[PDB]
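Below is one structure, written out as structure tokens, with a few remarks after it.
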Amino acid sequence: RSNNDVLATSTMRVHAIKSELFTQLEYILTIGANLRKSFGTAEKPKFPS
Amino acid sequence: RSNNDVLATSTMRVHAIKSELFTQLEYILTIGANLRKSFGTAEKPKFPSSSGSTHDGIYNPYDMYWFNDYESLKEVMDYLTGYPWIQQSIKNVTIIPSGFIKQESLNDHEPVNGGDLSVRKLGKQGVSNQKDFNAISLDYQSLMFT
Amino acid sequence: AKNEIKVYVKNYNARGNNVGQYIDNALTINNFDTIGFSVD
Amino acid sequence: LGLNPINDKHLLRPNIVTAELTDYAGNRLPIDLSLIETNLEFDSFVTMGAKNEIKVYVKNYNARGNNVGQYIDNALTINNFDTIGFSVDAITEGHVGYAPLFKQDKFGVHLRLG
Numbered sequence: 001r002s003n004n005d006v007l008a009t010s011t012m013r014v015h016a017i018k019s020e021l022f023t024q025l026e027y028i029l030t031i032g033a034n035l036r037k038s039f040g041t042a043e044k045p046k047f048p049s
Numbered sequence: 050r051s052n053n054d055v056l057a058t059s060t061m062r063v064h065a066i067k068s069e070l071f072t073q074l075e076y077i078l079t080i081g082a083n084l085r086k087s088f089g090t091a092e093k094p095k096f097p098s099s100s101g102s103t104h105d106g107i108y109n110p111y112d113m114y115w116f117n118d119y120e121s122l123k124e125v126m127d128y129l130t131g132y133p134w135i136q137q138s139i140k141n142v143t144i145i146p147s148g149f150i151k152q153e154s155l156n157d158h159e160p161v162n163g164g165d166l167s168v169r170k171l172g173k174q175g176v177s178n179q180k181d182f183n184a185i186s187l188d189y190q191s192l193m194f195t
Numbered sequence: 196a197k198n199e200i201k202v203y204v205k206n207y208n209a210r211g212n213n214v215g216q217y218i219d220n221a222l223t224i225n226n227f228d229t230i231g232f233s234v235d
Numbered sequence: 236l237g238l239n240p241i242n243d244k245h246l247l248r249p250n251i252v253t254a255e256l257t258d259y260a261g262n263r264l265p266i267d268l269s270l271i272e273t274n275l276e277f278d279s280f281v282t283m284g285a286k287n288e289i290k291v292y293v294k295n296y297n298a299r300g301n302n303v304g305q306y307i308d309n310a311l312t313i314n315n316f317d318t319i320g321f322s323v324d325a326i327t328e329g330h331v332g333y334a335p336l337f338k339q340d341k342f343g344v345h346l347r348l349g
């Protein structure tokens, strides 16, 4: 399988194609604020780290 | 067609040329402001944010506006000098070659501000024509022939 | 959103008929012009 | 490959058959099909959230079994994923990655067998 003992050849082509498709996506929202707690309001604004 | 069994040759030259010419252009004005609603005025100025579209699988938060013809774009860009706090939200207008954009990817015209003028927003989750380049394509017969 | 046309030769290098090399070799066109403007 | 499994194993070498990976975005993994003992199995080393990088590789490649081979020291690495853009009361812009491909059902890793 490794040596140079083999007949001259010149005729490679794309014979077959398999594909693992990414077909559904997922999203990661990464912000620097704890969404899972209280925001305050327009003028009483809370900024949770 | 692939071996080295062929007679030595040294005489290639440009024998023929076909060309797909881009011969008509389209423009997309993409600024970050919703043109299709009210601008305010010089001292009562309204700054409407833009809604964004999706084309060819990408959210653009800027509004993009079609123009198949230059005048239309000229019109609208002129009108726009009127309202600086708006025109400052332009990213650019880009010139592309014609009909890569599909009708069904577009809104019907809409009045701009007031206005007399109208614009069409690119989006509707559409995609672009994967134009075939026939001018530059040659089928077997045509190919040998050429 | 992004402006890119890449033209490629269909089924190239395929012992058919599969997508070939597809677009993994292609002429890609993408430096389109933007027009300039001024403001007050 | 259309080889006969029973007596043709010796033809599994790179002048007779060939194998490449690609993401259609110009990342590639060239595979010397002579260097797999028995099997063309692709695994991955993936990380997510903090850093996003999937690098798929061919298992035990170049190993005279059974050791990790080259492992991931040669691999197709996928990592330009897209970010979506947003606006505020001021637009911060998205990044355009494999999206258009996905829209045409080509976002994925593809194997070319010649």
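Chains as they are written, first to last, in the numbering used here: chain A, 1 to 49; chain B, 50 to 195; chain C, 196 to 235; chain D, 236 to 349.
C-beta atoms are modelled at their ideal positions from N, C-alpha and C, and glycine is treated no differently.
- Nearest neighbour of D243(D) by Cα position, chosen from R1(A), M12(A), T11(A) and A16(A), turns out to be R1(A).
- Sequence-distant partners of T327(D) (beyond 5 residues in either direction) whose C-beta falls short of 7 Å from its own C-beta, in its chain, are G320 and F321.
- Between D105(B) and chain D, the shortest Cβ-Cβ separation is below 7 Å.
- Counting C-beta atoms within 10 angstroms of its own C-beta, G32(A) has fewer than 16 neighbours from the protein chains shown and is therefore classed as exposed.
- Annotation: the continuous alpha helix (DSSP H) that includes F337(D) extends over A334 to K338.
- For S10(A), the closest Cβ of chain D is not nearer than 7 Å.
- At the C-beta level, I271(D) and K290(D) stay beyond 7 Å of one another.
- Nearest CB-CB separation between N208(C) and chain A: below the 7 Å threshold.
- Relative to the Cα of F227(C), the nearest Cα in the group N141(B), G164(B) and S167(B) belongs to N141(B).
- For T257(D), a Cβ of chain C is located within less than 7 Å of the residue's own Cβ.
- For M126(B), the neighbours in chain C by C-beta distance under 9 Å run, in chain order, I230 and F232.
- The secondary-structure analysis by DSSP pairs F39(A) with nothing; it has no beta-bridge partner.
- In terms of beta-carbon proximity, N198(C) stays away from the interface with chain A, with every pair separated by 7 Å or more.
- Residue pairing from DSSP leaves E124(B) without any beta-bridge partner.
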